[PDB]
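*Asks:* Before I ask anything, let me first share the structure, which is written out below as structure tokens.
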There are 2 protein chains.
Amino acid sequence: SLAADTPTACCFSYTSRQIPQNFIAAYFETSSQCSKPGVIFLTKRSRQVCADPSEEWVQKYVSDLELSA
Amino acid sequence: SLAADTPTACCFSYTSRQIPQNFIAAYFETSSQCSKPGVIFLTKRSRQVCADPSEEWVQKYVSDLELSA
């Protein structure tokens with residue numbers, strides 16, 4: 001939440017493969033304005049990736065870190 | 001251009017005020033999938049901002065750095 005500076009993270013490219021907690025670090029959750037049927041991530045490889053809107057592996061990294069800020 | 005990792009930068013929030021080259025550094029240009037009637041930026045304040053789809057100040061930072069990569 002801030003001024004109008006921020007790109008509505010849209011998840012249009014989902015990765016067929018998933019990522020474990022050891023290969024992930026963030027999670028984010030896109031936002032309104034962009035159909036977001038998935039979630040973004042920040043693997044330790046600085047490689048942001050998306051995920052389905054209900055992945056069984058995204059419900060874990062989100063069930064505990066969906067917004068701890 | 002890479003795999004499917006990348007959030008379709010959508011410009012839904014445009015800043016009423018503009019930004020000079022001294023207060024800007026990048027420019028980007030959103031992409032398909034998201035109505036992009038504007039452009040993004042990376043001011044030195046790490047504050048990404050949008051711009052109209054034809055701003056007179058965005059035609060300069062873009063007329064020379066629309067994709068120099």
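Letters A, B, ... go to the chains of the structure tokens in the order shown; residues in each chain start at 1; ligands are counted from 1 in the same order.
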Taking only C-alpha atoms into account, produce a table as a tab-separated table in which each residue of chain B with an atom at most 9 Å from an atom of chain A appears once, together with its shortest atom pair and the distance in Å to one decimal, ordered by chain and rising number.

*Replies:*
```
residue	atom	partner	partner_atom	distance
B:3	CA	A:13	CA	8.0
B:4	CA	A:13	CA	4.2
B:5	CA	A:49	CA	4.8
B:6	CA	A:48	CA	6.8
B:7	CA	A:10	CA	4.6
B:8	CA	A:10	CA	5.2
B:9	CA	A:7	CA	5.1
B:10	CA	A:8	CA	5.5
B:11	CA	A:7	CA	6.5
B:12	CA	A:33	CA	7.1
B:13	CA	A:4	CA	5.2
B:14	CA	A:4	CA	6.6
B:15	CA	A:4	CA	6.4
B:30	CA	A:7	CA	8.7
B:33	CA	A:12	CA	8.0
B:34	CA	A:34	CA	7.3
B:40	CA	A:7	CA	7.7
B:41	CA	A:5	CA	8.8
B:47	CA	A:5	CA	5.7
B:48	CA	A:5	CA	4.8
B:49	CA	A:5	CA	4.4
B:50	CA	A:5	CA	7.0
```

*Asks:* Write a file of the selected residues as a PDB file, in the first residue's frame, keeping C-alpha atoms.

*Replies:*
```
ATOM      1  CA  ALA B   3      10.535 -18.674 -19.981  1.00  0.00           C
ATOM      2  CA  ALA B   4       7.103 -17.853 -18.384  1.00  0.00           C
ATOM      3  CA  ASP B   5       8.600 -15.991 -15.409  1.00  0.00           C
ATOM      4  CA  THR B   6       7.564 -12.308 -15.555  1.00  0.00           C
ATOM      5  CA  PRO B   7       4.528 -10.325 -14.346  1.00  0.00           C
ATOM      6  CA  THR B   8       2.783  -8.588 -17.273  1.00  0.00           C
ATOM      7  CA  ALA B   9       3.570  -5.074 -15.987  1.00  0.00           C
ATOM      8  CA  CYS B  10       0.129  -3.405 -16.147  1.00  0.00           C
ATOM      9  CA  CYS B  11      -0.135   0.397 -15.828  1.00  0.00           C
ATOM     10  CA  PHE B  12      -3.463   0.787 -13.981  1.00  0.00           C
ATOM     11  CA  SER B  13      -2.205   3.582 -11.698  1.00  0.00           C
ATOM     12  CA  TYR B  14      -0.886   6.634 -13.583  1.00  0.00           C
ATOM     13  CA  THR B  15       0.810   9.474 -11.664  1.00  0.00           C
ATOM     14  CA  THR B  30       4.243  -3.164 -20.020  1.00  0.00           C
ATOM     15  CA  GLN B  33      -2.493  -9.332 -21.965  1.00  0.00           C
ATOM     16  CA  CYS B  34      -2.823  -6.080 -19.967  1.00  0.00           C
ATOM     17  CA  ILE B  40       6.365   2.235 -16.192  1.00  0.00           C
ATOM     18  CA  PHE B  41       9.544   3.866 -14.784  1.00  0.00           C
ATOM     19  CA  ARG B  47       9.606   4.153  -6.877  1.00  0.00           C
ATOM     20  CA  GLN B  48       8.231   2.616 -10.088  1.00  0.00           C
ATOM     21  CA  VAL B  49       5.575   4.889 -11.634  1.00  0.00           C
ATOM     22  CA  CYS B  50       3.322   4.796 -14.711  1.00  0.00           C
TER      23      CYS B  50
END
```

*Asks:* Output the coordinates of chain B after least-squares fitting to chain A on all in-order C-alpha pairs, as an mmCIF file with N, CA, C and O atoms, in the first residue's frame.

*Replies:*
```
data_model
loop_
_atom_site.group_PDB
_atom_site.id
_atom_site.type_symbol
_atom_site.label_atom_id
_atom_site.label_comp_id
_atom_site.auth_asym_id
_atom_site.auth_seq_id
_atom_site.Cartn_x
_atom_site.Cartn_y
_atom_site.Cartn_z
ATOM 1 N N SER B 1 0.853 -1.222 0.005
ATOM 2 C CA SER B 1 -0.005 -0.003 0.006
ATOM 3 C C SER B 1 0.875 1.251 0.006
ATOM 4 O O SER B 1 1.578 1.531 0.954
ATOM 5 N N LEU B 2 0.825 2.012 -1.052
ATOM 6 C CA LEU B 2 1.639 3.257 -1.125
ATOM 7 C C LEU B 2 1.044 4.158 -2.214
ATOM 8 O O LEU B 2 -0.122 4.052 -2.535
ATOM 9 N N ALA B 3 1.819 5.034 -2.790
ATOM 10 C CA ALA B 3 1.267 5.913 -3.854
ATOM 11 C C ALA B 3 0.806 5.048 -5.032
ATOM 12 O O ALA B 3 0.281 3.969 -4.849
ATOM 13 N N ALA B 4 0.992 5.512 -6.237
ATOM 14 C CA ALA B 4 0.607 4.707 -7.476
ATOM 15 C C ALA B 4 1.782 4.051 -8.057
ATOM 16 O O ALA B 4 1.775 3.710 -9.223
ATOM 17 N N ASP B 5 2.831 3.866 -7.306
ATOM 18 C CA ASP B 5 4.094 3.229 -7.933
ATOM 19 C C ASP B 5 4.033 1.727 -7.578
ATOM 20 O O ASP B 5 4.194 1.316 -6.450
ATOM 21 N N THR B 6 3.846 0.914 -8.584
ATOM 22 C CA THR B 6 3.824 -0.565 -8.374
ATOM 23 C C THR B 6 3.116 -1.218 -9.573
ATOM 24 O O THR B 6 2.003 -0.856 -9.896
ATOM 25 N N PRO B 7 3.781 -2.164 -10.192
ATOM 26 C CA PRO B 7 3.236 -2.886 -11.353
ATOM 27 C C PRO B 7 2.292 -4.000 -10.892
ATOM 28 O O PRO B 7 2.697 -4.923 -10.215
ATOM 29 N N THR B 8 1.039 -3.929 -11.254
ATOM 30 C CA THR B 8 0.089 -4.997 -10.833
ATOM 31 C C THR B 8 0.661 -6.358 -11.242
ATOM 32 O O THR B 8 0.437 -6.835 -12.336
ATOM 33 N N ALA B 9 1.411 -6.976 -10.373
ATOM 34 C CA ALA B 9 2.018 -8.297 -10.704
ATOM 35 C C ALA B 9 0.964 -9.239 -11.295
ATOM 36 O O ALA B 9 0.098 -9.732 -10.600
ATOM 37 N N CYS B 10 1.044 -9.507 -12.573
ATOM 38 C CA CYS B 10 0.061 -10.433 -13.205
ATOM 39 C C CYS B 10 0.727 -11.798 -13.406
ATOM 40 O O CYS B 10 1.866 -11.884 -13.817
ATOM 41 N N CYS B 11 0.030 -12.863 -13.122
ATOM 42 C CA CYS B 11 0.633 -14.214 -13.303
ATOM 43 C C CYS B 11 0.116 -14.830 -14.605
ATOM 44 O O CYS B 11 -0.752 -15.680 -14.599
ATOM 45 N N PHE B 12 0.642 -14.406 -15.723
ATOM 46 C CA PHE B 12 0.180 -14.967 -17.027
ATOM 47 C C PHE B 12 1.039 -16.175 -17.403
ATOM 48 O O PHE B 12 0.647 -17.000 -18.205
ATOM 49 N N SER B 13 2.211 -16.285 -16.842
ATOM 50 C CA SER B 13 3.092 -17.437 -17.183
ATOM 51 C C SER B 13 3.276 -18.329 -15.956
ATOM 52 O O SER B 13 4.014 -18.006 -15.049
ATOM 53 N N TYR B 14 2.613 -19.453 -15.923
ATOM 54 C CA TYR B 14 2.755 -20.369 -14.755
ATOM 55 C C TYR B 14 3.809 -21.433 -15.066
ATOM 56 O O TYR B 14 3.913 -21.912 -16.177
ATOM 57 N N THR B 15 4.596 -21.809 -14.092
ATOM 58 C CA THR B 15 5.642 -22.843 -14.340
ATOM 59 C C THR B 15 5.039 -24.238 -14.159
ATOM 60 O O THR B 15 4.484 -24.556 -13.127
ATOM 61 N N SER B 16 5.144 -25.076 -15.156
ATOM 62 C CA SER B 16 4.577 -26.449 -15.033
ATOM 63 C C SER B 16 5.159 -27.127 -13.791
ATOM 64 O O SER B 16 4.463 -27.792 -13.050
ATOM 65 N N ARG B 17 6.434 -26.959 -13.554
ATOM 66 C CA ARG B 17 7.060 -27.588 -12.355
ATOM 67 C C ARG B 17 6.807 -26.700 -11.132
ATOM 68 O O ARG B 17 6.520 -25.527 -11.259
ATOM 69 N N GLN B 18 6.902 -27.249 -9.951
ATOM 70 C CA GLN B 18 6.657 -26.428 -8.731
ATOM 71 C C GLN B 18 7.986 -26.103 -8.046
ATOM 72 O O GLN B 18 9.047 -26.443 -8.530
ATOM 73 N N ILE B 19 7.932 -25.451 -6.916
ATOM 74 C CA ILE B 19 9.188 -25.105 -6.189
ATOM 75 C C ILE B 19 8.983 -25.349 -4.687
ATOM 76 O O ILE B 19 7.977 -24.952 -4.134
ATOM 77 N N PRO B 20 9.944 -25.995 -4.070
ATOM 78 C CA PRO B 20 9.893 -26.305 -2.630
ATOM 79 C C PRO B 20 10.262 -25.069 -1.801
ATOM 80 O O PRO B 20 10.662 -24.052 -2.332
ATOM 81 N N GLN B 21 10.133 -25.149 -0.502
ATOM 82 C CA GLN B 21 10.481 -23.979 0.354
ATOM 83 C C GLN B 21 11.983 -23.711 0.259
ATOM 84 O O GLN B 21 12.436 -22.593 0.410
ATOM 85 N N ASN B 22 12.760 -24.730 0.015
ATOM 86 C CA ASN B 22 14.233 -24.538 -0.086
ATOM 87 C C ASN B 22 14.571 -23.821 -1.394
ATOM 88 O O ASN B 22 15.620 -23.224 -1.532
ATOM 89 N N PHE B 23 13.688 -23.869 -2.354
ATOM 90 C CA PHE B 23 13.961 -23.182 -3.646
ATOM 91 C C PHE B 23 13.072 -21.943 -3.759
ATOM 92 O O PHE B 23 13.010 -21.301 -4.788
ATOM 93 N N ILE B 24 12.385 -21.597 -2.703
ATOM 94 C CA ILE B 24 11.505 -20.397 -2.742
ATOM 95 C C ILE B 24 11.852 -19.490 -1.557
ATOM 96 O O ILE B 24 12.545 -19.887 -0.641
ATOM 97 N N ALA B 25 11.376 -18.275 -1.567
ATOM 98 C CA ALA B 25 11.682 -17.347 -0.443
ATOM 99 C C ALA B 25 10.522 -16.369 -0.252
ATOM 100 O O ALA B 25 10.165 -16.025 0.856
ATOM 101 N N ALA B 26 9.932 -15.914 -1.324
ATOM 102 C CA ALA B 26 8.799 -14.954 -1.195
ATOM 103 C C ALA B 26 7.490 -15.646 -1.585
ATOM 104 O O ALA B 26 7.303 -16.822 -1.342
ATOM 105 N N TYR B 27 6.580 -14.924 -2.182
ATOM 106 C CA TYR B 27 5.282 -15.537 -2.579
ATOM 107 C C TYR B 27 4.399 -14.466 -3.226
ATOM 108 O O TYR B 27 3.753 -14.698 -4.227
ATOM 109 N N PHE B 28 4.357 -13.298 -2.650
ATOM 110 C CA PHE B 28 3.512 -12.213 -3.227
ATOM 111 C C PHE B 28 2.123 -12.784 -3.544
ATOM 112 O O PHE B 28 1.817 -13.913 -3.216
ATOM 113 N N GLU B 29 1.280 -12.016 -4.177
ATOM 114 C CA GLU B 29 -0.082 -12.528 -4.505
ATOM 115 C C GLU B 29 -0.733 -11.632 -5.562
ATOM 116 O O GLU B 29 -1.916 -11.362 -5.511
ATOM 117 N N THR B 30 0.027 -11.174 -6.521
ATOM 118 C CA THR B 30 -0.553 -10.301 -7.584
ATOM 119 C C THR B 30 -1.510 -9.283 -6.949
ATOM 120 O O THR B 30 -1.272 -8.793 -5.864
ATOM 121 N N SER B 31 -2.590 -8.957 -7.614
ATOM 122 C CA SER B 31 -3.550 -7.971 -7.038
ATOM 123 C C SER B 31 -4.747 -7.807 -7.980
ATOM 124 O O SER B 31 -4.955 -8.593 -8.882
ATOM 125 N N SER B 32 -5.539 -6.789 -7.772
ATOM 126 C CA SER B 32 -6.726 -6.571 -8.648
ATOM 127 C C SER B 32 -6.273 -6.008 -9.996
ATOM 128 O O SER B 32 -5.103 -5.788 -10.220
ATOM 129 N N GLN B 33 -7.202 -5.787 -10.894
ATOM 130 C CA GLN B 33 -6.864 -5.239 -12.248
ATOM 131 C C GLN B 33 -6.298 -6.337 -13.158
ATOM 132 O O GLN B 33 -6.446 -6.285 -14.364
ATOM 133 N N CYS B 34 -5.642 -7.321 -12.606
ATOM 134 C CA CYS B 34 -5.062 -8.397 -13.455
ATOM 135 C C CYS B 34 -5.600 -9.755 -13.017
ATOM 136 O O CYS B 34 -5.395 -10.174 -11.896
ATOM 137 N N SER B 35 -6.254 -10.468 -13.892
ATOM 138 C CA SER B 35 -6.752 -11.811 -13.499
ATOM 139 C C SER B 35 -5.585 -12.555 -12.856
ATOM 140 O O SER B 35 -4.599 -12.846 -13.506
ATOM 141 N N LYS B 36 -5.655 -12.841 -11.587
ATOM 142 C CA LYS B 36 -4.506 -13.535 -10.942
ATOM 143 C C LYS B 36 -4.898 -14.932 -10.436
ATOM 144 O O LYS B 36 -5.086 -15.148 -9.259
ATOM 145 N N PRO B 37 -4.974 -15.861 -11.353
ATOM 146 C CA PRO B 37 -5.294 -17.261 -11.033
ATOM 147 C C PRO B 37 -4.027 -17.985 -10.560
ATOM 148 O O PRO B 37 -3.863 -19.167 -10.779
ATOM 149 N N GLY B 38 -3.120 -17.286 -9.929
ATOM 150 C CA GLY B 38 -1.867 -17.939 -9.467
ATOM 151 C C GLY B 38 -1.119 -17.006 -8.512
ATOM 152 O O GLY B 38 -1.628 -15.981 -8.107
ATOM 153 N N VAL B 39 0.090 -17.353 -8.150
ATOM 154 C CA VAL B 39 0.867 -16.481 -7.222
ATOM 155 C C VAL B 39 2.318 -16.371 -7.714
ATOM 156 O O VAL B 39 2.799 -17.215 -8.440
ATOM 157 N N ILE B 40 3.010 -15.331 -7.329
ATOM 158 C CA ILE B 40 4.425 -15.147 -7.778
ATOM 159 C C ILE B 40 5.387 -15.676 -6.699
ATOM 160 O O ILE B 40 4.977 -16.035 -5.616
ATOM 161 N N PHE B 41 6.663 -15.737 -6.989
ATOM 162 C CA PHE B 41 7.633 -16.245 -5.976
ATOM 163 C C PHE B 41 9.003 -15.592 -6.193
ATOM 164 O O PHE B 41 9.232 -14.919 -7.177
ATOM 165 N N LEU B 42 9.915 -15.795 -5.279
ATOM 166 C CA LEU B 42 11.276 -15.204 -5.423
ATOM 167 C C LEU B 42 12.327 -16.263 -5.095
ATOM 168 O O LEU B 42 13.114 -16.107 -4.184
ATOM 169 N N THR B 43 12.337 -17.347 -5.823
ATOM 170 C CA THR B 43 13.327 -18.430 -5.548
ATOM 171 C C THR B 43 14.699 -17.822 -5.244
ATOM 172 O O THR B 43 14.981 -16.691 -5.590
ATOM 173 N N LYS B 44 15.553 -18.568 -4.595
ATOM 174 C CA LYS B 44 16.909 -18.044 -4.260
ATOM 175 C C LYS B 44 17.664 -17.715 -5.549
ATOM 176 O O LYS B 44 18.688 -17.059 -5.530
ATOM 177 N N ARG B 45 17.172 -18.167 -6.669
ATOM 178 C CA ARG B 45 17.866 -17.882 -7.957
ATOM 179 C C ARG B 45 17.348 -16.563 -8.535
ATOM 180 O O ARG B 45 17.384 -16.343 -9.730
ATOM 181 N N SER B 46 16.866 -15.685 -7.699
ATOM 182 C CA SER B 46 16.347 -14.383 -8.205
ATOM 183 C C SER B 46 15.454 -14.632 -9.422
ATOM 184 O O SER B 46 15.287 -13.777 -10.268
ATOM 185 N N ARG B 47 14.880 -15.800 -9.515
ATOM 186 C CA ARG B 47 13.998 -16.110 -10.674
ATOM 187 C C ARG B 47 12.539 -16.102 -10.215
ATOM 188 O O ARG B 47 12.034 -17.084 -9.709
ATOM 189 N N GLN B 48 11.857 -15.004 -10.384
ATOM 190 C CA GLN B 48 10.436 -14.947 -9.951
ATOM 191 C C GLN B 48 9.614 -15.929 -10.794
ATOM 192 O O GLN B 48 9.782 -16.026 -11.993
ATOM 193 N N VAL B 49 8.735 -16.666 -10.176
ATOM 194 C CA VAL B 49 7.916 -17.645 -10.944
ATOM 195 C C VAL B 49 6.459 -17.553 -10.495
ATOM 196 O O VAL B 49 6.153 -17.007 -9.453
ATOM 197 N N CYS B 50 5.555 -18.084 -11.271
ATOM 198 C CA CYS B 50 4.120 -18.025 -10.882
ATOM 199 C C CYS B 50 3.679 -19.390 -10.346
ATOM 200 O O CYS B 50 4.473 -20.297 -10.194
ATOM 201 N N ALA B 51 2.415 -19.540 -10.061
ATOM 202 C CA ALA B 51 1.906 -20.840 -9.537
ATOM 203 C C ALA B 51 0.393 -20.886 -9.736
ATOM 204 O O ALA B 51 -0.249 -19.867 -9.825
ATOM 205 N N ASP B 52 -0.190 -22.049 -9.809
ATOM 206 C CA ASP B 52 -1.667 -22.115 -10.004
ATOM 207 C C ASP B 52 -2.363 -21.361 -8.866
ATOM 208 O O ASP B 52 -1.732 -20.989 -7.895
ATOM 209 N N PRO B 53 -3.644 -21.147 -9.028
ATOM 210 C CA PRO B 53 -4.462 -20.426 -8.036
ATOM 211 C C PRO B 53 -4.839 -21.341 -6.866
ATOM 212 O O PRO B 53 -5.642 -20.986 -6.027
ATOM 213 N N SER B 54 -4.271 -22.513 -6.802
ATOM 214 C CA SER B 54 -4.611 -23.438 -5.685
ATOM 215 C C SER B 54 -3.599 -24.584 -5.641
ATOM 216 O O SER B 54 -3.937 -25.711 -5.337
ATOM 217 N N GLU B 55 -2.361 -24.306 -5.940
ATOM 218 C CA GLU B 55 -1.331 -25.382 -5.914
ATOM 219 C C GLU B 55 -1.227 -25.956 -4.500
ATOM 220 O O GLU B 55 -1.404 -25.257 -3.522
ATOM 221 N N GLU B 56 -0.940 -27.223 -4.384
ATOM 222 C CA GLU B 56 -0.823 -27.835 -3.033
ATOM 223 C C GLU B 56 0.506 -27.416 -2.402
ATOM 224 O O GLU B 56 0.701 -27.535 -1.208
ATOM 225 N N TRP B 57 1.421 -26.921 -3.192
ATOM 226 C CA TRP B 57 2.729 -26.491 -2.627
ATOM 227 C C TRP B 57 2.695 -24.984 -2.373
ATOM 228 O O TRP B 57 3.498 -24.450 -1.631
ATOM 229 N N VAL B 58 1.763 -24.293 -2.971
ATOM 230 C CA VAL B 58 1.670 -22.823 -2.752
ATOM 231 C C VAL B 58 0.793 -22.561 -1.526
ATOM 232 O O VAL B 58 0.811 -21.489 -0.953
ATOM 233 N N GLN B 59 0.028 -23.536 -1.118
ATOM 234 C CA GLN B 59 -0.850 -23.352 0.071
ATOM 235 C C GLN B 59 -0.009 -23.475 1.343
ATOM 236 O O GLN B 59 -0.456 -23.162 2.429
ATOM 237 N N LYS B 60 1.210 -23.924 1.217
ATOM 238 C CA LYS B 60 2.088 -24.061 2.413
ATOM 239 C C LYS B 60 2.905 -22.780 2.574
ATOM 240 O O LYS B 60 2.913 -22.162 3.620
ATOM 241 N N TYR B 61 3.596 -22.379 1.544
ATOM 242 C CA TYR B 61 4.417 -21.142 1.633
ATOM 243 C C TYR B 61 3.492 -19.935 1.804
ATOM 244 O O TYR B 61 3.927 -18.845 2.121
ATOM 245 N N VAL B 62 2.216 -20.125 1.603
ATOM 246 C CA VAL B 62 1.256 -18.996 1.760
ATOM 247 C C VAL B 62 0.515 -19.151 3.090
ATOM 248 O O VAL B 62 0.172 -18.184 3.739
ATOM 249 N N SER B 63 0.264 -20.363 3.496
ATOM 250 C CA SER B 63 -0.457 -20.585 4.780
ATOM 251 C C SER B 63 0.362 -20.021 5.945
ATOM 252 O O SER B 63 -0.117 -19.932 7.058
ATOM 253 N N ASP B 64 1.594 -19.654 5.711
ATOM 254 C CA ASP B 64 2.432 -19.118 6.821
ATOM 255 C C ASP B 64 3.100 -17.797 6.412
ATOM 256 O O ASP B 64 3.507 -17.018 7.250
ATOM 257 N N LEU B 65 3.224 -17.536 5.138
ATOM 258 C CA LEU B 65 3.854 -16.263 4.777
ATOM 259 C C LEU B 65 3.077 -15.622 3.571
ATOM 260 O O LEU B 65 3.603 -15.348 2.510
ATOM 261 N N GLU B 66 1.815 -15.368 3.783
ATOM 262 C CA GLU B 66 0.974 -14.719 2.781
ATOM 263 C C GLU B 66 1.021 -13.208 2.906
ATOM 264 O O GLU B 66 0.554 -12.461 2.072
ATOM 265 N N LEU B 67 1.571 -12.754 4.006
ATOM 266 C CA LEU B 67 1.646 -11.289 4.282
ATOM 267 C C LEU B 67 2.137 -11.087 5.719
ATOM 268 O O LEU B 67 1.426 -10.582 6.565
ATOM 269 N N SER B 68 3.343 -11.497 6.006
ATOM 270 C CA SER B 68 3.875 -11.350 7.392
ATOM 271 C C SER B 68 4.476 -9.954 7.586
ATOM 272 O O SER B 68 5.056 -9.658 8.614
ATOM 273 N N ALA B 69 4.344 -9.096 6.614
ATOM 274 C CA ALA B 69 4.910 -7.723 6.752
ATOM 275 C C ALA B 69 3.992 -6.880 7.644
ATOM 276 O O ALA B 69 2.805 -6.844 7.368
#
```

*Asks:* As a list in words, please: all residues of chain B that backbone DSSP puts in alpha helix (DSSP H).

*Replies:* residues 58, 59, 60, 61, 62 and 63 of chain B
